[PDB]
Protein chains: 2
Amino acid sequence: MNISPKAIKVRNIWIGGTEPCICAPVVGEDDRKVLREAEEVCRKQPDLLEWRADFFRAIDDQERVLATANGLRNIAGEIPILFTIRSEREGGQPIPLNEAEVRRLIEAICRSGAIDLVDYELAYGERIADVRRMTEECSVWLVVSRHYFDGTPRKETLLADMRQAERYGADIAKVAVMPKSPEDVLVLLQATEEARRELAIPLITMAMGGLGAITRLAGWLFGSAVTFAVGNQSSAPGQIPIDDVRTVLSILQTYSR
Amino acid sequence: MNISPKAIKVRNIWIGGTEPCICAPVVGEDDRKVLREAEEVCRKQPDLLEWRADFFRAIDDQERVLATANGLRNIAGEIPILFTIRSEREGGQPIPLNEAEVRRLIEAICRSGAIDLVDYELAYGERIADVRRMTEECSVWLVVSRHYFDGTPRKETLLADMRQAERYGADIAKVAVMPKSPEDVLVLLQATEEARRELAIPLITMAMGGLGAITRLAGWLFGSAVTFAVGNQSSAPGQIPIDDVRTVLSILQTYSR
């Protein structure tokens with residue numbers, strides 16, 4: 001059984017195939033720190049590496065961000081790199097640049113050849129058309145995401161977000177929620193299961209915090225193609241150390257069907 | 001945040017508290033096979049022992065059963081023993097004695113004081129009162145169950161089954177289903193969580209098979225107080241080796257809170 005209806009091949013690795021994919025974040029404040037951190041994460045064996053660039057102090061210095069991205073590429077080797085500048089309105093660090101300046105920076109990084117996927121938030125709406133066309137020219141995969149840090153929307157709303165994301169041209173739809181009860185955790189899994197049967201692209205879903213731990217370890221059984229785990233530092237509440245995720249995935253796969 | 005609204009103390013072990021309980025079945029066609037399985041299973045340190053007496057070929061002999069019952073009680077130290085005679089219509093083996101004898105055997109076994117819990121089918125409706133008082137006299141806990149081996153009924157049906165089990169005086173309500181899809185697995189968890197908020201007693205739920213593995217490792221997050229694992233032999237589809245269950249529970253437990 002494949003996690004997604006149609007798996008995507010990223011640098012020889014499959015997302016949405018038979019195997020769950022683990023992505024570990026890198027959150028350094030500057031070049032030296034981002035590189036050392038990447039080295040550490042990469043020794044662990046994540047399937048994907050996410051550079052959370054919103055923590056980067058020199059984010060408004062295009063040359064430094066590019067040199068760092070080029071450095072990350074060499075450290076990552078064959079491991080695909082996901083470039084994410086999480087907006088402040090969706091839990092990211094405040095940054096000294098505009099909505100338009102973020103778009104100019106994502107394009108410069110995409111055209112560098114250093115990264116494989118880019119995250120762009122669903123809420124910026126119409127402005128997604130340009131990012132999509134431009135990523136397709138750079139052969140960069142587009143992950144369109146939405147994060148709810150205040151709670152968990154009804155299933156209908158989550159399904160709508162993912163449908164929206166796909167309509168906008170995303171290669172992968174990502175939705176994260178903050179559960180306030182075990183019921184919210186089920187809603188996230190149910191939305192994920194239903195969306196997997198309705199959409200043609202791989203999904204990345206997770207319920208954050210302690211209550212959502214099970215979604216990071218078993219969401220793939222319901223269609224979540226990627227789980228975010230800690231390779232060194234954590235980028236979101238509830239992320240579990242990579243080794244523990246691997247241990248549970250191993251057992252779940254051996255005994256699931 | 002306890003698994004159940006009011007934990008129950010059974011011979012040194014709490015069911016429905018903070019810790020999920022692991023129950024291991026002992027299936028043995030005859031006294032010797034049975035007693036062999038017990039030593040082995042008990043060597044692994046499960047919280048509870050379920051001897052599936054419906055495998056016993058000589059169930060027609062109370063002296064033999066009582067003898068065995070007394071024997072296993074000897075091998076199990078303080079490990080609580082759940083005495084179960086699974087109907088054939090609910091996944092149980094072939095049984096030579098009919099209804100009355102079972103209840104008579106259950107009474108005889110209850111008064112022997114060799115067991116701590118007794119599993120009885122909700123399907124026996126009014127006849128449950130009979131076993132109900134039979135169990136209360138000997139200070140034996142009553143588990144009222146329902147097993148669906150051909151599929152997974154609607155959430156409403158599962159919720160109704162558990163409500164009725166409590167209505168008939170159950171100390172613990174149990175429902176098992178056979179999922180045919182991931183959606184079925186979520187139906188079982190949803191019913192568990194809904195039942196958890198409605199009943200005052202502990203609940204035991206599971207989706208069998210490979211598809212249902214997740215439910216044996218994470219059902220406790222939705223209200224299932226007991227999970228069945230393999231200590232020696234399997235008594236139902238999808239049971240996982242006790243060592244692997246412990247591995248996941250520990251990880252899931254540290255990270256869920």
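Convention: sequence-line order gives letters A, B, ...; per-chain numbering from 1.
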| message | Using side-chain heavy atoms (C-beta onward) and a distance below 4.5 Å, is A:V185 in contact with B:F222? | response | yes
| Which answer fits A:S256, side chain, backbone, both or neither, if we ask what part of it has an atom under 4.5 Å from a heavy atom of chain B? | both
| request: Against chain B, label A:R196 side chain, backbone, both or neither, depending on which of its atoms sit under 4.5 Å from a heavy atom there. | output: side chain
| message | Does any backbone or side-chain atom of A:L189 lie under 4.5 Å from a heavy atom of chain B? Answer side chain, backbone, both or neither. | response | both
| said: Working to the nearest 0.5 angstrom, can you tell me the gap between A:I214 CD1 and B:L252 CG? | reply: 5.0 Å
| Given side chains that start at C-beta, do those of B:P182 and A:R197 come closer than 4.5 Å, heavy atoms only? | yes
| note | In this structure, OG of A:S250 is separated from CG of B:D244 (nearest 0.5 Å) by 8.0 Å
| message | Less than 3.5 Å apart, any donor N or O on the side chain of B:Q190 or A:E183 sitting next to an acceptor on the other? | response | no
| field | Over 12 non-hydrogen atoms of neighbours within 6.0 angstrom of CZ in A:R154 | value | no
| Heavy-atom pair count under 4.5 Å with chain B, highest-scoring of A:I240, A:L217, A:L221 | A:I240
| message | With side-chain contact (heavy atoms from CB on, under 4.5 Å) as the test, pick out the partner of B:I251 among A:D243, A:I251, A:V245, A:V248. | response | A:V248
| message | Counting only heavy atoms from other residues, nucleotides and ligands, does the tally under 6.0 Å from CZ of B:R11 exceed 12? | response | yes
| said: So, taking the atom named CG in A:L211 and the one named CE in B:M1, what distance separates them when rounded to the nearest 0.5 Å? | reply: 7.0 Å
| task | Count the heavy atoms of every other residue, nucleotide or ligand shown that sit under 6.0 Å from CZ of A:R89, and state whether that count exceeds 12. | result | yes
